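Worksheet: one structure, shown below.
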Amino acid sequence: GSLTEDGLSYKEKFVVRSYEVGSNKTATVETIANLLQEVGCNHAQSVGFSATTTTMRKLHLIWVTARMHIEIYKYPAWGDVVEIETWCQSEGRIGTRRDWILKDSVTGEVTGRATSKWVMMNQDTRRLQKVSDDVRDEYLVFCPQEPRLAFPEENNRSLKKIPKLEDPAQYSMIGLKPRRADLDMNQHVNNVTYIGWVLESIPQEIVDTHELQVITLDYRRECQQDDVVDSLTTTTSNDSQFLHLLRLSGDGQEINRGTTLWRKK
Amino acid sequence: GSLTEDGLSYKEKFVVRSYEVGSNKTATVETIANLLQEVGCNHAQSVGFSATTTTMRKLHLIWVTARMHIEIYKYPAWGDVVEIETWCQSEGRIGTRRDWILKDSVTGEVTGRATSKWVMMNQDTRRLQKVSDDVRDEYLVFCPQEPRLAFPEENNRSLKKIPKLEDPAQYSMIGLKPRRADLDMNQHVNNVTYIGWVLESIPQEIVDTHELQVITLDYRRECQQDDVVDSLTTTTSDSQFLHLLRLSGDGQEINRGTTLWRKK
Ligand SMILES: NC(=O)[C@@H](O)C1CCOCC1
Ligand SMILES: NC(=O)[C@@H](O)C1CCOCC1
């Protein structure tokens, strides 16, 4: 991969692997989400990060994902080349945003797009905070100055408020636990794992007859390595919509909430 | 990737990804095993196998992994380029073997090696059988004629008999279940997932102070999408462990194995 000519965005190509595809012989949404995470990581490395700056490290500060929104029009097939372009943007003192555009390498057509909201937090106390001016200036030299949005629309799905699923849930998948493959290099549960856990409570019949078009996921609390999770889903709706909830198996402490939109195959 | 000049083996390079590494910032054994599986699929595609032959499809026959043995000397770091060479071999009517050699792209040094034993079976009845004769012919044109072994030493770790772990196990991880990411394109549990489940019963302290050097795994029965598994481990000793994967209810055996670990 490489930064574009202006140095304000980063591009990388990926060839879809055999174990990365589902029953349709096309990449899963978890494969897509892992690839977005990989291109984001390579973008940070290319401009001297890690995404902590020198000031953030001095104050034990980290960037944390608050929301992830993905819309896929076409899943790349096994063996296809997918090109992803990503960039970051400052959102004042609220936090930062990372956007992605997915394209078919052969045709150049947009096959998907994603946006994520990030908030600043003390690594030890877990206390969120607004962005300091010294930090804001340090990453503004790597972001475009004029707004560049993957989701520019007037009232788009990426910014919609998500409600809390009420008991009883229509569907559920109980006793989900992360294994070592679900942990990143810092022994924290990978953000993509939660996408998988949310989808576990979608019945196999929807999965077999529909394609996932949109997923919006809020991250409220982290699942520890020794925590057990319950995945809850209720139909809110040819299209099918669902409301999701991930909560701890015991006390019922909320860890995630989301919505998915599916279309008939 | 591409087949070598003689067309009897296949090579592919891979750049290690951020989510593919563990605490040591080096690729996990599950990442390694996924890469071997990927180079194996690309080798089959390149010689027209889509690993069923023409006669196997009409007869409802498939190749199934019976044993997987992996020995790693150095795990590639995040960002490194690893080159893997793989080839197949006929083992008479017992079955077939697929071997791999892992190398550092920059130095050309061997950083690991793997071998797998495969058996033939009817995909419906799940009944094993001796390969054939008219099927051996179709495979032998894509394999080297003289023996080429990733593990050539006479009576080596890859061919050792594995015993059954006796209850009570020293360590255990119970209630393991596969999710959709653990399934392949045919809705079967990926063979690499069982490697992960075996390692789940190794205490975090061994993982934090040792590096996995060798793993040998026997595949006895498949875990269905709706099955629950218990992972059992006992120290037999470097550190060595004996492993058992069995169904959470009846205790039906699905895998057995051994791992050897070195102090970091
Ligand atoms: N590192 C990242 O960009 C993560 O926060 C994302 C990656 C895509 O899946 C959702 C979480
Ligand atoms: N397809 C294959 O080569 C599999 O049978 C292997 C892959 C890596 O180790 C576990 C089993």
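Here, residue 1 is simply the first one shown, and the rest follow in order.
In case you wondered, yes, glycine gets a Cβ from its N, Cα and C as well.
Now, the feature entries from Swiss-Prot:
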ACT_SITE  A:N186  active site
ACT_SITE  A:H188  active site
ACT_SITE  A:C223  active site
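Where the chain is interrupted between A:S50 and A:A51, 4 residues are left out of the deposited model, and the two C-alpha atoms stand 5 angstrom apart. In the structure as shown, the Cβ atom of A:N186 (active site) sits within 10 Å of 7 other Cβ atoms.
Chain tracing stops at A:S237 and picks up again at A:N238, leaving 16 residues unmodelled; the C-alpha atoms of these two are 10 Å apart. Secondary structure at A:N186 (active site), taken from DSSP and collapsed to helix, strand or coil, is coil. A:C223 (active site) falls within neither a helix nor a strand when secondary structure is assigned with DSSP, and so counts as coil. Around the Cβ of A:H188 (active site), the number of neighbouring Cβ atoms within 10 Å comes to 14.
Cα of A:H188 (active site) to Cα of A:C223 (active site): a distance of 8 Å. Counting Cβ atoms from all protein chains shown, A:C223 (active site) has 23 others lying within 10 Å of its own Cβ.
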